Protein chains: 2
Amino acid sequence: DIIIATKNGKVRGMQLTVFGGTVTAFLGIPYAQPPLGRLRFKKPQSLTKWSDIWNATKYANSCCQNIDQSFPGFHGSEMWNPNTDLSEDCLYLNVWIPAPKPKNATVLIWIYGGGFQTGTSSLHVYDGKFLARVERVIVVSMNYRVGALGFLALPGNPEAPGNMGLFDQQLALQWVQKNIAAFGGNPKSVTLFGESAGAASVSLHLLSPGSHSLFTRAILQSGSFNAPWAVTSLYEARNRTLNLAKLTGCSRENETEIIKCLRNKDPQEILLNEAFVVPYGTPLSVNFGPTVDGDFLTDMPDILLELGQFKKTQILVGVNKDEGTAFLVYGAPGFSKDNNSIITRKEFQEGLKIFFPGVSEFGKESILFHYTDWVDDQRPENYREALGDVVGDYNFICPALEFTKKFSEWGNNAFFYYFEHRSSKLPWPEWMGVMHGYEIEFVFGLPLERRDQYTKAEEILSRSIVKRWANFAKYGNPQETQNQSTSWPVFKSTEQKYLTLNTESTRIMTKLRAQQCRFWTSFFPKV
Amino acid sequence: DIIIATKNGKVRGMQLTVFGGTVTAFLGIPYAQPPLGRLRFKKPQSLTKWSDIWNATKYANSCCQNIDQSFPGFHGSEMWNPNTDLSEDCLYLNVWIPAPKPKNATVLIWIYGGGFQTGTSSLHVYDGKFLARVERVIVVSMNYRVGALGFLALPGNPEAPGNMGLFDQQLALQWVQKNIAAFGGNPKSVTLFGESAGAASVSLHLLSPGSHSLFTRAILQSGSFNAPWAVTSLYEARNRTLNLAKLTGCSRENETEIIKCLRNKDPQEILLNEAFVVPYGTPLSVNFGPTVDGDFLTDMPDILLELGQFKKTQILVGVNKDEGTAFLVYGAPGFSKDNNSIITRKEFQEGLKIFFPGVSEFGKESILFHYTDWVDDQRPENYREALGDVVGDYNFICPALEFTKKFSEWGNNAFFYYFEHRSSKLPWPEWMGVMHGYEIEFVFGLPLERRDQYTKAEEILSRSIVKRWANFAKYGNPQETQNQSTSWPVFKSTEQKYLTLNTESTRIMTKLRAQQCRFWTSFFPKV
Ligand SMILES: *[C@@H]1O[C@H](CO)[C@@H](O[C@@H]2O[C@H](CO)[C@@H](O)[C@H](O)[C@H]2NC(C)=O)[C@H](O)[C@H]1NC(C)=O
Ligand SMILES: *[C@@H]1O[C@H](CO)[C@@H](O[C@@H]2O[C@H](CO)[C@@H](O)[C@H](O)[C@H]2NC(C)=O)[C@H](O)[C@H]1NC(C)=O
Ligand SMILES: *[C@@H]1O[C@H](CO)[C@@H](O)[C@H](O)[C@H]1NC(C)=O
Ligand SMILES: *[C@@H]1O[C@H](CO)[C@@H](O)[C@H](O)[C@H]1NC(C)=O
Ligand SMILES: *[C@@H]1O[C@H](CO)[C@@H](O)[C@H](O)[C@H]1NC(C)=O
Ligand SMILES: *[C@@H]1O[C@H](CO)[C@@H](O)[C@H](O)[C@H]1NC(C)=O
Ligand SMILES: [Ca+2]
Ligand SMILES: [Ca+2]
Ligand SMILES: [Cl-]
Ligand SMILES: [Cl-]
Ligand SMILES: [Cl-]
Ligand SMILES: [Cl-]
Ligand SMILES: [K+]
Ligand code: NA
Ligand code: NA
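Residues numbered from 1 in each chain as written, not as in the entry; some residues may be left out. Chains lettered and ligands numbered in written order. Part of a larger assembly, values for the part shown. Heavy atoms only, no water.

## Observations regarding the overall build of chain A
Okay, so step 1: In terms of regular secondary structure, chain A is built from 16 helices and 14 strands.
Okay, so step 2: Computed over C-alpha atoms, the radius of gyration of chain A comes to 22 Å, within 12% of the 24 Å expected from 2.2 N^0.38 for 527 residues, which places it in the range of a compact globule.
Okay, so step 3: The buried share among the 527 residues of chain A stands at 59%.
Okay, so step 4: When the accessible surface of chain A is summed, it comes to about 20900 Å², and 49% of that surface belongs to carbon and sulfur atoms.
Okay, so step 5: Treating the 53 positive side-chain charges of chain A as one cloud and the 51 negative ones as another, the clouds have centres 8 Å apart. (Helix = DSSP H or I, 4+ residues; strand = E, 2+ residues; numbered from the N terminus. Rg over C-alpha atoms; globule rule 2.2 N^0.38 Å. Buried < 20%, exposed > 50% of the residue type's maximum accessible area, 1.4 Å probe, protein only. Areas by Shrake-Rupley, 256 points an atom, 1.4 Å probe, with all protein chains shown as cover. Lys, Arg positive; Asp, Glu negative; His and termini not counted. Charge placed at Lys NZ, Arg CZ, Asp CG, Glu CD.)

## Some details on the interface of chain B and chain A
Okay, so step 1: Between chain B and chain A, the residue contacts involve 15 residues of the former and 15 residues of the latter.
Okay, so step 2: For the pair chain B and chain A, the two sides together bury roughly 1100 Å², of which 53% comes from carbon and sulfur.
Okay, so step 3: Taken together, chain B and chain A are joined by zero salt bridges.
Okay, so step 4: The interface formed by chain B and chain A includes two residue pairs in polar contact.
Okay, so step 5: Its residues placed into classes, the side of chain B that touches chain A shows five nonpolar, four polar and six charged. (Contact = heavy atoms within 4.5 Å. Buried area = accessible area lost by both parts, 1.4 Å probe. Salt bridge = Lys/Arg side-chain N within 4 Å of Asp/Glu carboxyl O. Polar contact = N/O pair within 3.5 Å; in protein donor to acceptor, adjacent residues only side chain to side chain. Nonpolar A, V, L, I, M, F, W, Y, C, P; charged D, E, K, R; others polar.)

## Examining the UniProt feature "binding site: tacrine" in chain A
All names here are of chain A.
Okay, so step 1: Mapped onto this numbering, the UniProt entry annotates "binding site: tacrine" at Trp80 and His436. Annotated residues spanning 357 residues; largest pairwise C-alpha distance 12.1 Å, indicating a single compact cluster.
Okay, so step 2: As for its position among the elements, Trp80 is in the loop between α1 (75-78) and β6 (92-99).
Okay, so step 3: The class for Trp80 is partly exposed, based on a relative accessible area of 25%. (UniProt positions renumbered as here; feature names shortened; annotations may be inferred.)

## Here we look at the sheet that holds strand β5 (residues 54-55) of chain B
Where strands meet in a sheet, backbone hydrogen bonds hold them as pairs that are either parallel or antiparallel.
Okay, so step 1: Strand order in the open sheet formed by three strands is β1-β2-β5 (chain B), with mixed pairing between adjacent strands. Bordering the open sheet on either side are β1 (3-5) and β5 of chain B, each of which pairs with just one other strand. (Pairing = 2+ DSSP bridges.)

## Digging into the site of ligand 3
All names here are of chain A.
Okay, so step 1: Taken together, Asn104, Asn186 and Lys188 make up the full set of residues near ligand 3.
Okay, so step 2: A distance of 2.4 Å separates an oxygen atom of ligand 3 from a polar side-chain atom of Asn104.
Okay, so step 3: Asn186 is positioned with one of its side-chain polar atoms (N or O) 3.4 Å from an oxygen atom of ligand 3.
Okay, so step 4: Protein contacts shield 35% of the accessible area of ligand 3, which totals 370 Å² for the unbound molecule. (Near = heavy atom within 4 Å.)

## Considering the pairing of strand β7 (residues 105-111) of chain A
Residue and element names in this part refer to chain A.
Okay, so step 1: In terms of residue burial, β7 counts as a mostly covered element, since seven of its seven residues are buried.
Okay, so step 2: Relative to strand β9 (residues 185-195), β7 runs parallel, the two sharing six bridges. Its bridge partner lying in β9, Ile111 is registered against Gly194.
Okay, so step 3: In the classification by handedness, the crossover that spans β7, the intervening helix α2 (residues 129-135) and the parallel strand β8 (residues 138-142) is right-handed. (Right-handed = clockwise from strand over helix to strand, strands pointing away.)

## What to know about the pattern of salt bridges
Opposite charge on two side chains permits pairing when their charged atoms draw close.
All names here are of chain A.
Okay, so step 1: Scanning all chains against the criterion turns up 42 salt bridges over all chains.
Okay, so step 2: Residue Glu385 pairs with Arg379 through a salt bridge whose shortest N-O separation is 3.5 Å.
Okay, so step 3: By relative accessible area, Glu385 is classed as partly exposed at 35%.
Okay, so step 4: Through salt bridges with shared partners, a single network forms among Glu135, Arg463, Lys467 and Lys474.

## Examining helix α11 (residues 345-355) of chain A
Residue and element names in this part refer to chain A.
Okay, so step 1: Taken together, the buried positions of α11 are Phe348, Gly351, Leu352 and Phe355. Each buried residue of α11 lies within a common arc of 105° when the element is viewed along its axis, so the set occupies one face.
Okay, so step 2: Packing partners of the buried residues in α11 comprise α10 (325-328), α12 (361-371) and α13 (382-408). (Arc of directions from axis to C-beta.)

## Observations concerning helix α15 (residues 456-475) of chain B
Residues and elements named next belong to chain B.
Okay, so step 1: Compared with the 28 Å implied by 1.5 Å per residue over 20 residues, the 28 Å span of α15 between its first and last C-alpha is a close match.
Okay, so step 2: In terms of burial, α15 is largely enclosed, as 14 of its 20 residues are buried.
Okay, so step 3: Of the residues that open α15, the one with a side-chain oxygen 3.4 Å from the backbone nitrogen of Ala457 is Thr455.
Okay, so step 4: Once α15 ends, the next one or two residues include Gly476, with phi positive near 70°. (Expected span 1.5 Å × (residues − 1).)

## Topic: the side chain of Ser87 of chain B
Okay, so step 1: The residue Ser87 of chain B is located in the loop between α1 (75-78) and β6 (92-99) in this model.
Okay, so step 2: There is a polar contact of 3.5 Å between the side chain of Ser87 of chain B and the side chain of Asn61 of chain B.

## Brief notes about the packing of helix α11 (residues 345-355) of chain B against helix α13 (residues 382-408) of chain B
Residue and element names in this part refer to chain B.
Okay, so step 1: Two elements in contact, α11 and α13, have axes whose closest approach is 9 Å; the angle formed by their N-to-C orientations is 15°. Overall, the two elements α11 and α13 adopt an arrangement that is roughly parallel. Remark: the crossing between α11 and α13 carries right-handed chirality. Between α11 and α13, the residues in contact are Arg345, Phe348, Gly351, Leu352 and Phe355 and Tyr383, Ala386, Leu387, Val390 and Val391, respectively.
Okay, so step 2: Per-class residue counts for the contact of α11 with α13 are eight nonpolar, one polar and one charged. (Axes fitted to C-alpha atoms, helices over the stretch in contact; angles between N-to-C directions. Parallel < 35°, antiparallel > 145°, perpendicular 65-115°, else oblique. Left-handed = near helix turned anticlockwise from the far one by under 90°.)

## A word on the packing of aromatic side chains
Residue and element names in this part refer to chain A.
Okay, so step 1: Scanning all chains against the criterion turns up 94 aromatic pairs over all chains.
Okay, so step 2: With a centroid separation of 6.1 Å and an interplanar angle of 40°, the aromatic rings of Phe519 and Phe523 are classed as tilted. With a gap of four residues between them, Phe519 and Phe523 both fall in helix α16 (residues 514-523), about one helical turn apart.
Okay, so step 3: Each member of the aromatic cluster is reached from another via a ring pair, and the members are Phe356, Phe362, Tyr371, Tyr394, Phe519, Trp520, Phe523 and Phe524.
Okay, so step 4: A cation over a ring is seen here: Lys43 above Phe167, with NZ or CZ 4.4 Å from the ring centre. (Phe/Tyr/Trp six-rings, centres within 6.5 Å; stacked < 30°, edge-to-face > 60°. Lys NZ or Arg CZ within 6 Å of the ring centre and 35° of its normal.)

## What about the site of ligand 5?
Residue and element names in this part refer to chain B.
Okay, so step 1: Residues in contact with ligand 5, as listed here, are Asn104, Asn186 and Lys188.
Okay, so step 2: At 2.4 Å, a side-chain N or O of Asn104 approaches an oxygen atom of ligand 5.
Okay, so step 3: For ligand 5, whose accessible area on its own is 370 Å², the fraction buried by protein is 35%.

## Regarding the relation of the copies chain B and chain A
Okay, so step 1: With an RMSD of 0.0 Å, the fit of chain B onto chain A corresponds to turning through 180° and sliding 0.0 Å along the axis. Both copies of the chain, as the preceding transformation shows, are related through a two-fold rotation axis. Among all residues of chain B, the one whose C-alpha sits closest to the rotation axis is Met509 of chain B, at a distance of 3.2 Å.
Okay, so step 2: Same-surface contact between copies: 100% of interface residues of chain B are shared with the interface of chain A. (Least-squares fit on C-alpha atoms.)

## Notes on the side chain of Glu195 of chain B
Residue and element names in this part refer to chain B.
Okay, so step 1: Here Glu195 lies in strand β9 (residues 185-195).
Okay, so step 2: Within the buried core, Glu195 has no salt-bridge partner, and the shortest N-O distance to an opposite charge, that of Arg513, equals 14 Å.
Okay, so step 3: In terms of polar contacts, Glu195 uses its side chain to reach the backbone amide nitrogen of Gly437, at 3.4 Å.
Okay, so step 4: In contact with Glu195, not counting residues within four places along its chain, are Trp110, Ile111, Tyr112, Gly113, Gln221, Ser222, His436, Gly437, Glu439 and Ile440.

## Describing the state of the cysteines
Okay, so step 1: The final tally for this structure, using the stated rule, is six disulfides over all chains.
Okay, so step 2: Note that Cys63 of chain A is cross-linked by a disulfide to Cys90 of chain A, the S-S spacing being 2.1 Å. Across the S-S bond of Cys63 of chain A and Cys90 of chain A the torsion is about 95°, and the bridge reads as right-handed. Of this pair, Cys63 of chain A sits in the loop between β5 (54-55) and α1 while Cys90 of chain A sits in the loop between α1 and β6, and the two are 27 residues apart along the sequence. Side by side, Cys63 of chain A and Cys90 of chain A carry an identical accessibility label, which is buried.
Okay, so step 3: One disulfide in the model links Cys250 of chain B with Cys261 of chain B; its S-S distance is 2.1 Å. In this structure the cystine formed by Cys250 of chain B and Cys261 of chain B twists about its S-S bond by roughly -80°; its chirality is therefore left-handed. (Disulfide = S-S within 2.5 Å.)

Structure follows, in structure tokens:
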């Protein structure tokens, strides 16, 4: 029976057996007033406090969200769907601590991705028990609001100010500051890590004055706020809020009246209308996401990045070799997870329409030109691979690299990785390669479980990643020092060294995607 | 009818059609008195001179040599066997010039490998017509004596002083100095290139005072004189000469008498006994090779290299990804070109005996230890791959890298490549990978011939190699400047950048085989 006294009252955890040892799991601790009724669309409000013992022995409700129904029965898509009841009552967090209770352990705080429209902390591939067991760190993860319920913005209006889910994340960091010592944690040694939209969140906490003292350092897996899906302009955000009102029958003259009406809608009516607030979407559409609110974010984030206005600390940043491929089967013509998807030039052309719907003809021809100068054989997979690379380079890899250059130009140490191992168990087909999201199970140490059908080479690779992430969190330096590992150099503009993560041999390389990123970073923005 | 006046008289060439253009080929020009009778075992003597027109319209006799009979009927071994009559009358050379006759063309001089026991300039994969056609350089190649006829040594005795075949090569360089302008060549812009023993020859011309003014720069493909097969000690050389005498019935008291007797033997009796002058050989045995003769080589070559005593000029050096694999099927137990050669630990152990016959038990256990710490899966091909790597790293790759560090420490520009493309047509099986010798057909531009069943990607790769070798010869800098190619950095000790040559993407990498070469270079020599 393990009971911890928190600031707001007692909580009871549960003991788990993990690799011949024990971890204590406190699952579903609340960290804010449930955001219901008059609190829908508002900043999270602080927790009242309880007497008696709160039982943190099961995962809580996931936040309301639309679900992926493109591949019913298929584990490759379905593993990302929520595995707890959906509810507006979802502001809870999880804590995994080593047993015996540690004395002053580093804390790793996970922020899930999902486009800021989806996601939940309770997914199997984010289970923190393995990290707590093996590295003796404490792992924390939180649910935060997503979609319109988390990001609806009528900027400047506190009834719906925008960025509510980012404030949810913030309030959970504050909970760790006030409470984690009771669990044997060091509030002075907190590292945020997150993937995709979770990585873009981590990058925005580096920018938010109110987050600066709530953590020590940051890890960004395939995401950063300068990615083109990551931040909505004030103009598109007001437009979206108003389109949502049109569709739900809540157009009014007074803006506060609009929100009042929106608070009477059932969550379903709101979720059903989210896809249509926009005239054309792509598979990467973020209809309701971070905005410049004058509160969480004081100015356009590209300006803060460029002018050095962010927390000074070390970062670890990385991407997967085939980021863009998972998205091609959610609308590009000629793609299928169930065949080899050899597409024509005409199909490639139509795919650019799917992925770059607002872009001029010239803009799209410039993409085709940069990506279809073949080298040179008449390989049939040319157009299929080019489309995946287009989508991965624009959306993930070039923004990650550019975030990393700009951040390290102000004097701090940065480490960059390129993940290139395809899981032996991936249910998606082979042409999709080393997909977006499929490093996460390596970072959380799932292949450390022998029962679990990963190869030996994969266990060893995961074990080494876990040690490098942990050494980064504790010490600021992602080395694996005992096993003659390749030493991981800092990423500097100029040399731009990065480390490859793979099962065969780990390499130091330079200037990842140099020709492609010159295209996306210096030319495409002008288009 | 194309007739050139040389210093020793007129020669007639023949015209070839090559890619819609013409090349003039002068094949089989003599460059020394045939080394027969009282000239066997002596330095080549200068050519008398002829009247009338010498017809250089066919390849000449190849030098006497033993032939590879391990795989009769198999193109993978047989393509390296001589394709002209063998004869002691073999000191001839070939010249390919562009048509029309160039005005002051750079000259590339090819020196073949074969262990200093075999080889010939007339092989199909050394045909210089493609280079002359496409890069407008002049290509020269020579036959030089091999085996005891080329390298028998009773050091200090001019009847058999040693290094005769290296002096054959030298006398051919002198011929190019005196004669190449008549063919439209620039004697001031000569580059030597060679592979394996040919590459070790090129490295020894960098060291020989008498070669310094006979060429401008050097290209070393998988070979350098510090390789452990490349130079015989005085002690083993005298011992070998005397063992040869025992076996042929030529033991005498006076050494000059020994040689006189040796000159009465039929070449066959000499060739038949060469394999046995040594108590145990390996597949890389060089029974009769370069020695320190006080003439060509004034001191131990490792001393000259270390103390900076060599020609100051740029070099281009490289190796193939699987150098050692071709040798495993000439005696390692459990190997076959006709199956996958999965070998046990015990077979690996016996293989070390085949390849390191004079080495202590400790020496061999130290190899097993360095190479069998698996990473980590229980992959069945572990021992098979380890043996190939042992043999390639010791014999080729680490010596090439160490030659390259030491040479560039004295101020000259060096370029290093790692060739990693396996020919689509290789007749050897797949486990042998990117074999020793199979870059040569890329350097000579054979895949430029469309008729010839190479892929498109291979044509393009060869075209780019040919341009980089030609730019190196003409300009000292192996860049391909027109097609946005990866810029090839100079190799410096400290960074040790090298360039990978492959069909997919060309990369700049650092510190090739760093852990393995530390083993072979700093520890193994002590053993
Ligand atoms: C692989 O599967 C895809 C997905 O269906 C096939 O794409 C269809 O091809 C047809 C022609 O029969 C188009 O008119 C359809 O509209 C495509 N369907 C969809 C739903 O996009 C594709 O042709 C297949 N490719 C293969 C077998 O190489
Ligand atoms: C592949 O072929 C080799 C070459 O023969 C096989 O090696 C022989 O294996 C036997 C046992 O039958 C040894 O006793 C022989 O002496 C080996 N022969 C020689 C000539 O070396 C090898 O076993 C085969 N490996 C396979 C099929 O995986
Ligand atoms: C934990 O470590 C910090 C410094 O990182 C120290 O100031 C703090 O008081 C420690 N607390 C313990 C050991 O309880
Ligand atoms: C270090 O190597 C050993 C095997 O030699 C292994 O058991 C262990 O997991 C490795 N540790 C890390 C952190 O990679
Ligand atoms: C060829 O070039 C050299 C310098 O590299 C020059 O000295 C020589 O005389 C030239 N000969 C010609 C154009 O015939
Ligand atoms: C340069 O590229 C073109 C194709 O765009 C090709 O025809 C040519 O062979 C290339 N040249 C070299 C030297 O690689
Ligand atoms: Ca999986
Ligand atoms: Ca071949
Ligand atoms: Cl077109
Ligand atoms: Cl670089
Ligand atoms: Cl053993
Ligand atoms: Cl390095
Ligand atoms: K452009
Ligand atoms: Na479902
Ligand atoms: Na034959």
